[PDB]
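Shown below, as structure tokens, is a lone chain in the form deposited in one PDB entry; questions about how it binds or moves come after it.
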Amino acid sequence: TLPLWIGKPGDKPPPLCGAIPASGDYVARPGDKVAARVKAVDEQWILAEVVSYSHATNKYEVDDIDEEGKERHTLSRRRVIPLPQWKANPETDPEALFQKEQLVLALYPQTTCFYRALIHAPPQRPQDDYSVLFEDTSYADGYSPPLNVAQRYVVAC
């Protein structure tokens, strides 16, 4: 589960704290969890684990983490979003949270998949989840009711 970022005086919330994006040259480590855009049946963002990165090809190897075993994908860095490594504390670094109505990618409850959603409510207290409205064409107005997603599993779209 993710630690709260606790910065000292004059420290910016860092890359991968809450909504602060990774640096443009960033490379994730083996074992890091990421959102990975893979071909589906269509394309789909999935929860995945980094196996390696090659600087020669700018491609990761990632494993889809499923309860029956893992399936390997090889992906450009452009299809891999590192998850946050710290929660932003709403009480100290509120500006590092996604705000109401922002478009994000969020892990759908009880899945290992990410989908487009709008922020319904950011966390108000350090232990809180986001509340989001997932895009869902099964409903007339096209949105789920508010569903909880932890800071770990909400990334920029």
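The first residue of the sequence shown is number 1, and the count goes up from there.
The following text describes the form deposited with a partner chain bound, which does not appear among the structures shown.
A residue is said to contact a partner when one of its heavy atoms sits within 4.5 Å of a partner heavy atom; residue 63 fails this definition for its partner chain in the deposited complex, lying far away. Of the heavy atoms in residue 112, some are within 4.5 Å of its partner chain in the deposited complex. Among heavy atoms of residue 46, some come within 4.5 Å of its partner chain in the deposited complex.
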